[PDB]
Every structure is written in C-alpha cells, then in structure tokens.
Amino acid sequence: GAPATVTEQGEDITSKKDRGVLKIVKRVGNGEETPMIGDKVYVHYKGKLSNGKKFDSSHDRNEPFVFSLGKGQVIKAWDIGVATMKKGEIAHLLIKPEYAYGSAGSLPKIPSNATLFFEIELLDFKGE
Ligand SMILES: COc1cc2cc(OC)c1OCCOC[C@H](C)OC(=O)[C@@H]1CCCCN1C(=O)[C@H]2C1CCCCC1
C-alpha cells in the first residue's frame with residue numbers, strides 16, 4: 001500500500017538527492033503557482049508512522065492545519081514537500097528520520113529514527 005508505493009515510485013524532492021523526502025502526486029491541483037517561502041498555507045492531512053502503528057489527521061480537530069511555509073514551524077519534509085504543491089493538489093510523502101524527528105525522535109508520539117507517511121491536500125496559500 002501507499003508507503004511502499006512511494007518507496008518504489010516516488011520522486012526524490014530533496015536538494016541533496018538523498019531520498020529523504022519522496023513524493024507522489026495523487027490528484028492534480030489548479031494553475032501553476034506553488035507557494036513561496038513565507039506564505040501562510042492551509043492543508044488537510046492524514047499521517048502515520050510508516051510502521052502503521054500510530055495515525056493522525058487534521059480531521060480529528062475538525063478544521064484545516066495552518067502554518068507559515070519554510071519558517072520551520074513544521075518538520076523539514078513539510079517545508080520541502082508543501083513548497084512543491086499546487087492549490088487543490090493531493091500528494092503522498094514518505095519521509096526519512098533526517099527530514100522529520102531524527103535519531104532523537106519526539107516521545108512519546110515519535111520514536112527514534114522513525115519513517116513517516118503523509119497524505120496532504122493543499123487547500124490554499126496566502127502571501128502573509
Ligand atoms: C511530535 O508532535 C506531534 C506530531 C504530529 C502531530 C501532533 O499533534 C497534532 C504532534 O504534537 C504536537 C506538535 O506538532 C509537531 C509538529 C508541528 O508536527 C509536524 O511538524 C508534523 C507535520 C504537520 C502535522 C503534524 N506532524 C506530525 O509529525 C504529527 C505525527 C503524529 C503521529 C503520526 C505521524 C504524524
């Protein structure tokens with residue numbers, strides 16, 4: 001399923017080309033502007049440990065997740081991945097620890113050296 005499909009078929013969107021962040025577009029977005037660093041961005045997401053063992057959704061708060069792009073208010077993989085997305089796009093991200101919580105992890109939610117999977121829909125972005 002989705003994590004393995006990203007491993008096998010994802011595009012490497014890292015500058016380093018170390019496969020730290022792999023992407024597949026699931027549904028195409030509208031127009032051709034992606035957000036610029038500093039933009040306030042609005043998403044829905046479903047996430048989990050690649051293990052499948054914990055799971056997490058914006059829908060659980062019943063409202064979109066908002067943050068400011070590339071100001072590291074989210075993991076590096078999100079600052080990277082979301083920057084590549086067009087409005088209304090849905091993407092799958094598979095993320096090595098180096099672009100998430102690293103060998104330190106973030107307990108109790110995230111263990112050491114965890115690979116994370118997300119499905120992300122980009123709803124909108126505004127130039128804060
Ligand atoms: C480690 O702490 C959490 C992780 C996540 C959800 C949490 O609560 C909703 C959470 O505690 C609140 C702090 O948030 C941390 C940052 C902002 O989170 C992110 O960078 C990323 C990407 C943006 C959405 C949340 N992300 C997460 O890593 C989730 C995580 C939970 C377990 C399954 C894998 C995803």
Side-chain angles (χ1 to χ4, degrees), residues 1-32 34-39 41-50 52 55-60 63-70 72-75 77-85 87-125 127:
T5 296
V6 178
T7 292
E8 294 154 13
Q9 316 185 352
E11 153 180 47
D12 188 350
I13 60 173
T14 67
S15 298
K16 273 208 165 58
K17 297 294 182 265
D18 57 21
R19 302 171 45 84
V21 181
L22 298 170
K23 183 183 186 190
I24 308 178
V25 170
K26 300 309 305 199
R27 190 184 68 197
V28 151
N30 313 96
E32 49 173 357
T34 68
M36 306 280 98
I37 293 188
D39 288 354
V41 305
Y42 296 79
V43 304
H44 270 308
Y45 78 91
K46 287 171 197 197
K48 47 174 162 159
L49 307 168
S50 187
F55 305 70
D56 172 54
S57 183
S58 51
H59 299 100
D60 308 336
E63 74 197 6
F65 182 81
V66 176
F67 69 107
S68 289
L69 184 73
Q73 308 164 352
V74 282
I75 52 172
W78 269 49
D79 270 348
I80 291 164
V82 171
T84 69
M85 297 177 65
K87 208 188 149 176
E89 195 177 308
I90 303 180
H92 286 179
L93 296 182
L94 187 71
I95 303 167
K96 292 190 198 172
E98 305 52 35
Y99 295 83
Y101 293 102
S103 51
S106 193
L107 284 176
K109 293 190 149 274
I110 316 296
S112 188
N113 291 150
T115 293
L116 306 198
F117 171 93
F118 299 79
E119 171 177 286
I120 305 188
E121 186 179 344
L122 179 59
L123 307 185
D124 191 75
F125 63 85

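In this chain, residues are counted from 1 in sequence order.
Annotation: side chain of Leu116 is in contact with side chain of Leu49 (closest heavy-atom distance under 4.5 Å). Using a 4.5 Å heavy-atom cutoff, the side chains of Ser58 and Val43 are not in contact. Counting heavy atoms from C-beta on, the side chains of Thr115 and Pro97 come closer than 4.5 Å. Between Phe117 and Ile95 the shortest side-chain heavy-atom distance does not fall below 4.5 Å. Using a 4.5 Å heavy-atom threshold, the side chains of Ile24 and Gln9 count as touching. Looking only at side-chain heavy atoms (C-beta outward), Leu69 and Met36 stay at 4.5 Å or farther from each other.
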How far apart are the C-alpha atoms of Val25 and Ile90, what are their side-chain angles, what is the distance that settles it, and do they pass the side-chain contact (heavy atoms from CB on, under 4.5 Å) test?
CA-CA 6 Å; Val25 170; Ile90 303 180; over 6 Å; no

With side-chain contact (heavy atoms from CB on, under 4.5 Å) as the criterion, how do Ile75 and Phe118 come out once you've worked through the C-alpha distance, each side chain's angles and the decisive distance to 0.1 Å?
CA-CA 12 Å; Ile75 52 172; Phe118 299 79; 4.1 Å; yes

Under the side-chain contact (heavy atoms from CB on, under 4.5 Å) rule, what do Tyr42 and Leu122 come out as? Steps first, then yes or no, please.
CA-CA 6 Å; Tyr42 296 79; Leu122 179 59; 5.7 Å; no

Passes side-chain hydrogen bond (donor to acceptor under 3.5 Å, both in side chains), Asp56 versus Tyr45? Steps please.
CA-CA 8 Å; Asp56 172 54; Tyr45 78 91; 2.3 Å; yes

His44 vs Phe65, test: ring pair (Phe, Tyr, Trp, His ring centres under 6.0 Å). Steps then yes/no.
CA-CA 6 Å; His44 270 308; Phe65 182 81; 9.9 Å; no

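Here the CG-CG distance, from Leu93 to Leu22, works out to 9.0 Å after rounding to the nearest 0.5 Å. With rounding to the nearest 0.5 Å, the separation of NZ in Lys23 from CD1 in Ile120 is 9.0 Å. For the atom pair CD of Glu119 and OG of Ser57, the computed distance is 9.0 Å after rounding to the nearest 0.5 Å. In this structure, the separation between CD on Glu98 and OG1 on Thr14 is 10.5 Å, given to the nearest 0.5 Å.
Of the charged side-chain nitrogens involved, at least one lies within less than 4.0 Å of a carboxylate oxygen, so that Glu121 and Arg27 count as a salt-bridged pair. Under the 4.0 Å criterion applied to side-chain N and carboxylate O atoms, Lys87 and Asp124 are assigned as salt-bridge partners.
Within the 3.5 Å criterion, the main-chain N or O of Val41 finds no donor-acceptor partner in the side chain of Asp39. Although no hydrogens or angles enter the test, the distance criterion places no donor-acceptor pair under 3.5 Å between the side chain of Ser112 and the main chain of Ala104.
Closest non-hydrogen pair, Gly88 versus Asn30, comes out as CA-OD1, 4.2 Å. Considering every non-hydrogen atom in both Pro3 and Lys48, the closest pair reads CG-NZ, 4.3 Å.
Shown are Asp79, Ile80, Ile13; of these, the side chain to side chain contact (heavy atoms under 4.5 Å, CB included) with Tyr99 is made only by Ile80.
Atom NZ of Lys16 sits in a sparse spot, with 12 or fewer heavy atoms from other residues, nucleotides or ligands closer than 6.0 Å.
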